[PDB]
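Coordinate-derived values only; no laboratory data. Note that we place each Cβ from the backbone using ideal geometry, even for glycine, and neighbour counts take in every protein chain shown.
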Amino acid sequence: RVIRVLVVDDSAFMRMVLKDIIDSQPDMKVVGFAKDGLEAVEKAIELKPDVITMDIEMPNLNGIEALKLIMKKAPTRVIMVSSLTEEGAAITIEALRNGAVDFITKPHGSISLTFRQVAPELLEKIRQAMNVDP
Ligand SMILES: [Pb+2]
């Protein structure tokens with residue numbers, strides 16, 4: 001009953017913020033971290049997480065590209081969490097068409113404390129994602 005989450009973000013500060021949000025829940029556990037797309041794919045195969053929070057702009061391989069490889073090699077539920085994934089945005093549409101279940105819009109840039117604003121929403125998305133098969 002413990003949802004296993006893989007947190008992907010090039011910012012260590014955001015990875016920590018997301019860790020605090022997720023690990024504080026009685027029904028969730030962050031099983032691993034990834035700081036770029038390459039690690040995201042590797043950790044997705046290795047850990048076989050139930051849900052993956054996916055940042056987009058990252059060095060070496062972006063989140064969109066990691067998403068495609070994961071959905072082919074080790075398909076699972078992915079929620080895009082980026083400053084770019086806004087409602088109606090082209091990149092949001094692109095993520096969704098490639099297998100992503102949903103998205104969260106980071107308020108105030110790629111890195112910020114204000115992120116806690118969308119914390120309840122993110123937790124809701126993670127729980128809801130378990131109700132669909134990608
Ligand atoms: Pb980023």
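If I filter the range 79-93 for residues that are within 11 Å of the chain's Cα centre (by Cα), away from the ligand (no atom under 16 Å from the Cβ) and of a type in the set (D, E, K, R), do I get at least one hit? No, the conditions are met nowhere in the range 79-93. The one condition from (1) touching a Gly at 6+ places or on another chain (Cβ under 9 Å); (2) exposed (fewer than 15 other Cβ atoms within 10 Å of the Cβ) that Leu67 does not meet is (2).
Of note, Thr92 does not satisfy the criterion of being out of contact with any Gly (no Cβ under 9 Å at 6 or more places or on another chain), surrounded by fewer than 16 Cβ atoms within 10 Å (Cβ to Cβ) and polar (S, T, N, Q). Candidates are the residues of the range 4-35 that are assigned to a strand (DSSP E or B) and out of contact with any helix residue (DSSP H, G or I) (no Cβ under 6 Å at 6 or more places or on another chain); the one that is surrounded by the most Cβ atoms within 10 Å (Cβ to Cβ) is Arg4. Residues in the range 1-57 that are touching an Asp or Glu at 6+ places or on another chain (Cβ under 9 Å) and charged (D, E, K, R): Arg1, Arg4, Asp9, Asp10, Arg15, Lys29, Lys35, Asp36, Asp55, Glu57. Taking every residue in the range 49-74 that is at positive phi and pairing it with any residue that is of a type in the set (D, E, K, R) and within 12 Å of the ligand (Cβ to nearest atom), at least 6 positions away or on another chain, the pairs with Cβ-Cβ distances below 8 Å are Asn60/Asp36. Of all residues in the range 59-71, none are away from the ligand (no atom under 13 Å from the Cβ), acidic (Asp, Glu) and in contact with a strand residue (DSSP E or B) (Cβ under 8 Å, 6 or more places away or on another chain).
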